[PDB]
Amino acid sequence: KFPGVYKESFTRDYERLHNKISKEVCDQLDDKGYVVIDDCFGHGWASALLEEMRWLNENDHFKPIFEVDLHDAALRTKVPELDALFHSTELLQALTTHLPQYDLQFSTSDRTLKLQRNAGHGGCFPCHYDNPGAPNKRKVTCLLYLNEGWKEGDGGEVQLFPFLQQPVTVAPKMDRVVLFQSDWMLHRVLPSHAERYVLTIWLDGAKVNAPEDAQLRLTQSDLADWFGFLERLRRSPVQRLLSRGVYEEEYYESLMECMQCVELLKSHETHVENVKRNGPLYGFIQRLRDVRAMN
Ligand SMILES: [Fe+2]
């Protein structure tokens, strides 16, 4: 059904993809919580994927900001490059080679490939983790950005909040890939003033939302080295229990854009007050906020 003619010549270059997801890239993902890869697929190949996405959108396959999931083989058969991307295991292979501990899954049940079009109309983008807990199975988030000649002011950046560090703002440039931790990387999307396409791949982990992820250790060594304690916190999903307190201002400002919804705000308002009534938790949150202010 996709006509099959592309505006530019390209190579479905699996080896390039595999080589882009290097040991160094994986070490950064594991250490910093995120990593950015420019010109990952190559311009022709990225253009080809975008063309197929625009086609899907012309033929009303995007459904209410609009999204489509490519789990449906019936749909995938219409878009050969997107179908090949769905079946590609290069990402899974590199990550499981360099980061075996994440226990990522090859089954098609444990990957999600989502397409998203954002009209460019402001909207609602709360601060969140891609895996907020519970039953969510996501371990690695993989974002492919597809906006050519993106310019300052176009907006649509993803803002990352490595816990208690300086925030990182990442422009959604054409053929840029962002990988980050679904269960311990706080983020939000900034408002877009232009049309914005993004392709998202989520890789599930068998060990996500484990019991040891829902606790913090205080050790004797920490007493003489708080950095080590903060560093374990930064890389631990337990931070999700503390993020709304530590980043109240950021969460609240995002909700103001949503207002510009009443239930989401009341929910925040209630959570913030519950924290403040929990004296020990609150003192702890405030010390973390102090660490943040010093960085
Ligand atoms: Fe997200």
Side-chain angles (χ1 to χ4, degrees), residues 2 7 34 36-41 43 45-72 75-76 78-79 81-82 85-86 111-132 136 138 140-161 167-180 182 185-202 250-261 263-265:
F2 179 74
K7 250 271 289 172
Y34 70 95
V36 176
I37 323 183
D38 285 309
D39 302 297
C40 182
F41 290 79
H43 186 267
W45 192 8
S47 290
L49 291 165
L50 175 57
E51 287 182 57
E52 292 187 354
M53 291 176 62
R54 285 206 206 272
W55 184 87
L56 287 173
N57 187 59
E58 284 168 320
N59 293 76
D60 302 317
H61 289 89
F62 271 74
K63 290 318 190 177
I65 293 157
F66 310 88
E67 292 178 343
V68 47
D69 190 322
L70 289 194
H71 73 271
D72 188 17
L75 190 39
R76 246 182 287 126
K78 304 181 174 300
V79 278
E81 300 307 320
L82 287 171
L85 183 49
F86 177 90
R111 83 187 55 168
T112 291
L113 197 145
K114 182 173 85 59
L115 308 181
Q116 175 176 97
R117 196 183 75 95
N118 178 4
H121 189 207
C124 181
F125 317 96
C127 295
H128 60 302
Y129 295 79
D130 274 1
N131 187 337
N136 192 296
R138 294 161 174 176
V140 179
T141 298
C142 174
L143 295 168
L144 173 55
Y145 291 114
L146 293 171
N147 315 291
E148 235 198 304
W150 179 92
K151 64 186 181 65
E152 222 194 282
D154 288 340
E157 304 97 330
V158 58
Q159 187 168 50
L160 311 170
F161 298 101
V168 180
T169 302
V170 185
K173 297 187 164 150
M174 176 61 144
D175 198 23
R176 168 174 279 175
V177 165
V178 187
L179 308 180
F180 61 81
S182 309
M185 179 57 56
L186 181 70
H187 62 284
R188 68 183 167 191
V189 174
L190 303 186
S192 197
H193 309 123
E195 191 184 51
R196 182 198 195 249
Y197 279 96
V198 55
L199 177 152
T200 307
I201 301 170
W202 279 290
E250 285 81 17
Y251 275 81
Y252 186 84
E253 215 54 37
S254 281
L255 287 153
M256 291 314 97
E257 291 162 12
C258 294
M259 300 285 277
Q260 201 76 62
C261 280
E263 246 317 316
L264 261 179
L265 178 57

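Excluded from the calculations below are hydrogen atoms, water molecules and symmetry mates; all remaining heavy atoms, backbone and side chain alike, are included. Note that the numbering runs from 1 along the sequence shown for the chain.
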Exercise for the section: Decide yes or no for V198 and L146: does some side-chain heavy atom of the first lie under 4.5 Å from some side-chain heavy atom of the second? Expected result: no
Problem - Heavy-atom side-chain proximity of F2 to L56 below 4.5 angstrom - result: no
Handout entry: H71 to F86 - nearest heavy-atom pair and separation
Key = CA-CE1, 4.4 Å
Exercise for the section: Output the distance between atom OG1 (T200) and atom CD (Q116), rounded to the nearest 0.5 Å. Expected result: 6.5 Å
Practice task
For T141 and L179, indicate whether the former's side chain and the latter's backbone hold a donor-acceptor pair under 3.5 Å.
Solution key: no
Handout entry: Side-chain donor/acceptor of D154 to backbone N/O of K151, under 3.5 Å
Key = yes
Fill in the blank from the handout: ring pair (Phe, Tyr, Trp, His ring centres under 6.0 Å) filter on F125, not counting sequence neighbours, yields none
Problem - Residue pair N147, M174: steps toward the side chain to side chain contact (heavy atoms under 4.5 Å, CB included) verdict - result: CA-CA 5 Å; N147 315 291; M174 176 61 144; 5.8 Å; no
Fill in the blank from the handout: Residues passing the salt bridge (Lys or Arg N to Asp or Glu O under 4.0 Å) test with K78, sequence neighbours excluded, are none
Problem - Salt-bridge criterion met for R76 and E52 (N-O under 4.0 Å) - result: no
Problem - Which residues share a salt bridge (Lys or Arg N to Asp or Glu O under 4.0 Å) with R111, sequence neighbours left out - result: none
Problem - ring pair (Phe, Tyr, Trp, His ring centres under 6.0 Å) partners for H43, two or more places apart - result: none
Exercise for the section: Would you check if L85 and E81 make a side-chain contact, meaning some heavy-atom pair closer than 4.5 Å? Expected result: no
Exercise for the section: Answer yes or no: is there a side-chain heavy-atom contact under 4.5 Å between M185 and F161? Expected result: no
Problem - Step-by-step disulfide (SG to SG under 2.5 Å) determination, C258 to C124 - result: CA-CA 4 Å; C258 294; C124 181; 2.0 Å; yes
Handout entry: Contacts of type side chain to side chain donor-acceptor pair (under 3.5 Å), residue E157, not counting sequence neighbours
Key = none
Exercise for the section: Heavy atoms only: give me the nearest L75-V79 pair and the separation to one decimal. Expected result: O-CG2, 3.7 Å
Exercise for the section: Determine whether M53 and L82 make a side-chain contact, defined as any pair of heavy atoms from C-beta on separated by less than 4.5 Å. Expected result: yes
Exercise for the section: Can you run down the side-chain hydrogen bond (donor to acceptor under 3.5 Å, both in side chains) pairs that involve residues 170-179, sequence neighbours left out, and say none if there aren't any? Expected result: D38-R176
Exercise for the section: Establish, yes or no, whether a centroid distance under 6.0 Å links the rings of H187 and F180. Expected result: yes
Problem - Min side-chain heavy-atom separation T169-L190 under 4.5 Å - result: yes
Exercise for the section: Could you pull out all residues at least two apart from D130 that satisfy salt bridge (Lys or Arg N to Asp or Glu O under 4.0 Å)? Expected result: none
Exercise for the section: Work out which heavy atom in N118 is nearest to a heavy atom in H121; give both atom names and the distance. Expected result: OD1-N, 4.1 Å
Problem - Which residues share a side chain to side chain donor-acceptor pair (under 3.5 Å) with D39, sequence neighbours left out - result: none
Completion exercise
Here the pair of heavy atoms bringing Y251 nearest to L186 is OH-CD1, 3.3 Å
Problem - Where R188 and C127 come nearest, the two heavy atoms and their spacing - result: CD-SG, 3.9 Å
Problem - Any residue meeting side chain to side chain donor-acceptor pair (under 3.5 Å) with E51, in chain and number order, not counting sequence neighbours - result: none
Handout entry: Check: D69 side chain, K114 main-chain N or O, donor-acceptor pair, under 3.5 Å
Key = no
Problem - Under the ring pair (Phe, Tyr, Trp, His ring centres under 6.0 Å) test, residues paired with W202 that sit two or more places apart - result: none
Exercise for the section: Please step through side chain to side chain contact (heavy atoms under 4.5 Å, CB included) for the pair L144 and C40, ending with a clear verdict. Expected result: CA-CA 9 Å; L144 173 55; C40 182; 5.8 Å; no
Practice task
Over all heavy atoms of both residues, which pair between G153 and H193 is shortest? Give the atoms and the distance, please.
Solution key: O-ND1, 2.8 Å
Practice task
Would you mind reporting whether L70 and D72 have side-chain heavy atoms less than 4.5 Å apart?
Solution key: no
Problem - Over 12 foreign heavy atoms within 6.0 Å of OH, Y252 - result: no
Exercise for the section: Can you sort out the partners of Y129 under side chain to side chain donor-acceptor pair (under 3.5 Å), two or more places apart, ordered by chain and number? Expected result: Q239
Exercise for the section: With sequence neighbours excluded, tell me which residues meet ring pair (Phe, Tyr, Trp, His ring centres under 6.0 Å) with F41. Expected result: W45
Practice task
Output, in order, the C-alpha distance, side-chain angles, deciding distance and verdict of side chain to side chain contact (heavy atoms under 4.5 Å, CB included) for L265 and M256.
Solution key: CA-CA 9 Å; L265 178 57; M256 291 314 97; 3.8 Å; yes
